[PDB]
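A single chain, nothing else alongside it, follows as structure tokens in the form solved without 6-aminohexanoic acid.
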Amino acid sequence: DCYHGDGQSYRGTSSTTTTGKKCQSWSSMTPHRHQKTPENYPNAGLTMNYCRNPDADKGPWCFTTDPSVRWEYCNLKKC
């Protein structure tokens, strides 16, 4: 599976970080509260806990379900 460019068009179902942690759902505020929601980023495709890049950083990322690690980049190769 892979992303093109900075991955803002990535709409795949990857949901694991580079260290093997599970992504938190974007509509969830636990374990991490955040403002990267569908309402604030309507074009980012923030559904379920899939790796996405709503704030146009270098590549897809996600908040993690580990209480101690707020967010990490996705386990996903560049195409």
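Quick note: we count residues from 1 along the sequence shown, nothing fancier.
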{"property": "68 to 76 versus 1 to 9 - greater average Cα B-factor per the deposited record", "result": "1 to 9"}
{"property": "Higher-B stretch (mean Cα B-factor, as the entry records it), 46 to 54 or 33 to 41", "result": "33 to 41"}
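The same protein also has a form solved in complex with 6-aminohexanoic acid, omitted here; what follows describes it.
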{"property": "Touches 6-aminohexanoic acid in the deposited bound form: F63 (any heavy atom, 4.5 Å)", "result": "yes"}
{"property": "Partner contact for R11 in the deposited bound form: 6-aminohexanoic acid, 4.5 angstroms, heavy atom", "result": "no"}
{"property": "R70: touches 6-aminohexanoic acid in the deposited bound form, heavy atom cutoff 4.5 angstroms", "result": "yes"}
{"property": "Stretch 44 to 62 - residues with a heavy atom within 4.5 Å of 6-aminohexanoic acid in the deposited bound form", "result": "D55, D57, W61"}
